[PDB]
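Trainee: Sequence unavailable; structure follows:
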């Protein structure tokens, strides 16, 4: 099995401490390895945090707050990344790494969730087809969904009052920089279909309640 | 004060050679410990590709990739290079260049990736590049935007007013359509009172097709 194992997910409370583990497989002693830690937020390159070998041999990455520290758990054969005073902004993927037999070995990464974020309804903006698209004999309705929490929605479309399932493409929700979620849905129509109805609606359901936006030719 | 300026994203056909460069600015590619390359397939974890050391010119490659990898530097161009031959779809990834710093531990010297380039998504596919069609989404805050339809491969970047406008901009992650092409939208929220006097232009760059479109969005 891989030399380094990290839990896929970890949740922790704001203001408390997060304890992220990097477990070395049996046959490899954690006492013998320097453990390096990297943090990665969406969109951006990994950031070196710190390394820890022992209390006498460790060093902090440039610009990394002392909230982040390293340690080892001998009985669990694991390196630890400890984050105190946990902030919402600390939500990220964290990778451990060691050098082993001349190679840089990365753990699979842990995605850290910081608990206690409030429920939030989606903001929905719906755009009709542009004149330019219609002139190209195409039509796309654009439904943009933002700032919702937790990160799950379902989207349905209506032509007047009738369900439309064909021509719908919807993204999975993705975490925004503010830790809320975004998604979008696109309905492809012919210009004739667009012009032949009184209206179309995008209907976004989140936690059992629905927000609907309507546009018309 | 060094910074790494990495070359851009693009598409390769299987069997071709990937070639990326990184220009060092703000100082010299020499005089430090070394340089390296790391990659990350979309939605997956980090994988080290290899490193090169400045004093010796010696290299250390990931053994699973060694037969295909060449990392080198050119001092006159202040430039770091990666070549990876005979690519397949398994090589689709964001590739990062990085500066390597050594650290004295107890029994050994070790090293870490101290400074990183921004990444370049290299996609390996039999499909052809396709540049996006860009349409304006016409608008007290008002929302206006741009629809970036039917492109391949990722990525597309969108700025507004040549990057001058950043407040209230939300560029959404792309949808992957059943056709295999991507579409995304970018929306900017602006004062509604400004609409008659302020020009709004979305700048849509699709580097893998060397194509950028600047679309005026009007009421």
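Mentor: It's in. Numbers count the residues shown, from 1 in each chain, chains lettered A, B, ... in the order given.
Trainee: Neighbours of residue B:126, how many?
Mentor: Residue B:126 has 7 neighbouring residues, counting by other CB atoms under 10 Å in any protein chain shown. All C-beta spots, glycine's among them, are computed from the backbone N, C-alpha and C.
Trainee: ok, it touching residue B:11?
Mentor: No: the criterion here is CB atoms under 8 Å, and residue B:126 misses it with residue B:11 at 10.0 Å.
Trainee: neighbouring strands for whichever strand or helix holds residue A:96, and are they parallel or not?
Mentor: Using DSSP states H and E, residue A:96 maps to strand A:92-100. Sheet pairing of strand A:92-100 (DSSP bridges) gives strand A:35-40 (antiparallel), strand A:103-106 (antiparallel), strand A:110-114 (antiparallel).
Trainee: Among those, show me which one is buried the most.
Mentor: Among these, ranked by average contacts under mean count of other CB atoms under 10 Å in any protein chain shown, first place goes to strand A:35-40 (a mean of 24).
Trainee: Find the nearest non-adjacent residue to residue B:98, please.
Mentor: Distance criterion CB to CB, 6 or more residues apart in numbering or on different chains; nearest residue to residue B:98, sequence neighbours excluded, is residue B:113 at 4.0 Å.
Trainee: Look up the residues forming beta bridges with that neighbour.
Mentor: residue B:100.
Trainee: residues contacting it?
Mentor: For residue B:113, the contacting residues are A:38, A:46, A:48, B:36, B:38, B:98, B:99, B:100, by CB atoms under 8 Å, 6 or more residues apart in numbering or on different chains.
Trainee: possible to save the residues you listed as a markdown table with distance to residue B:189?
Mentor: A markdown table is the format used below for the contacts of residue B:113 (distance: CB to CB, whole Å):
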| residue | distance to residue B:189 |
| --- | --- |
| A:38 | 34 |
| A:46 | 31 |
| A:48 | 35 |
| B:36 | 41 |
| B:38 | 36 |
| B:98 | 36 |
| B:99 | 38 |
| B:100 | 42 |
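Trainee: Just name the closest of these to residue B:30, please.
Mentor: residue B:99 (11.9 Å; CB to CB).
Trainee: How much space separates residue A:134 from residue B:4?
Mentor: The gap separating residue A:134 from residue B:4 is 45 Å, by CB to CB, to the nearest Å.
Trainee: Same drill for those two, tell me which one is more crowded.
Mentor: Set residue A:134 next to residue B:4 and count neighbours by other CB under 10 Å: residue B:4 wins out with 21 against 18.
Trainee: surely the more buried one meets residue B:27?
Mentor: No: taking contacts as CB under 8 Å, residue B:4 lies outside contact range of residue B:27: 11.1 Å.
Trainee: Kindly report which residue of chain A is located farthest from the centre.
Mentor: Relative to the centre of chain A, and counting by CA atoms, centre = their mean, the farthest-placed residue is residue A:196 at 39.7 Å.
Trainee: who's residue 104 bridged to?
Mentor: Chain wasn't specified; assuming chain A. The partner residues for residue A:104, given DSSP bridges, come to residue A:99.
Trainee: try chain B instead
Mentor: Beta-bridge partners of residue B:104, as defined by DSSP bridges: residue B:109.
Trainee: how near is it to residue A:56?
Mentor: Between residue B:104 and residue A:56 the computed distance is 12 Å (CB to CB).
Trainee: Check the offset of stretch B:79-94 from the chain's centre.
Mentor: 13 Å (CA atoms, centre = their mean, to the nearest Å).
Trainee: and it, how far apart are its ends?
Mentor: End-to-end distance of stretch B:79-94 (CA to CA, to the nearest Å): 19 Å.
Trainee: what do you get for stretch B:105-119?
Mentor: 30 Å.
Trainee: ok, and for it, which residues are buried?
Mentor: In terms of neighbour count (16 or more other CB atoms under 10 Å in any protein chain shown), stretch B:105-119 has its buried residues at B:105, B:110, B:111, B:112, B:113, B:114, B:115, B:116, B:117, B:118, B:119.
Trainee: ditto for stretch A:84-104
Mentor: Applying 16+ other CB under 10 Å to stretch A:84-104 flags A:86, A:90-99, A:103-104 as buried.
Trainee: Just give me how far that stretch sits from the chain centre.
Mentor: 16 Å.
Trainee: tell me, what residue is most central in the chain?
Mentor: Chain wasn't specified; assuming chain A. Nearest residue to the geometric centre of chain A (CA atoms, centre = their mean): residue A:175, 4.1 Å.
Trainee: That was the other one, I meant chain B.
Mentor: residue B:120 (3.0 Å).
Trainee: before we move on, the earlier item: just curious, which of the contacts of residue B:113 is nearest to residue A:110?
Mentor: Nearest to residue A:110 among those: residue A:38, at 11.3 Å, using CB to CB.
Trainee: does residue B:6 have beta-bridge partners, and which?
Mentor: Beta-bridge pairing of residue B:6 under DSSP bridges involves residue B:22.
Trainee: residue boundaries of the helices in chain A?
Mentor: A:131-135, A:191-196 (DSSP state H).
Trainee: Of those, which is nearest residue B:190?
Mentor: When the helices of chain A are ranked by proximity to residue B:190 (CB to CB), helix A:131-135 comes first, at 20.7 Å.
Trainee: What are the contacting residues of that closest one?
Mentor: In contact with helix A:131-135 (CB under 8 Å, 6+ apart) are residues A:139, A:140, A:191, A:194, B:133, B:135, B:136, B:147, B:149.
Trainee: what's the answer for stretch B:187-195, then?
Mentor: Contacts of stretch B:187-195 (CB under 8 Å, 6+ apart): A:125, A:144, B:137, B:139-145, B:160, B:165, B:168-172, B:198, B:200, B:202, B:219.
Trainee: Mind checking which of those are buried?
Mentor: When these are checked against 16+ other CB under 10 Å, the ones flagged as buried are A:125, A:144, B:137, B:139, B:142-145, B:160, B:165, B:169-172, B:200, B:202.
Trainee: contacting residues for residue 126?
Mentor: Reading this off chain A. Contacts for residue A:126 (CB under 8 Å, 6+ apart) come out as A:141, A:142, A:143, A:144, A:201, A:202, A:213, A:214, A:215.
Trainee: ah, I was thinking of chain B
Mentor: Contacts of residue B:126 by CB under 8 Å, 6+ apart are B:13, B:14.
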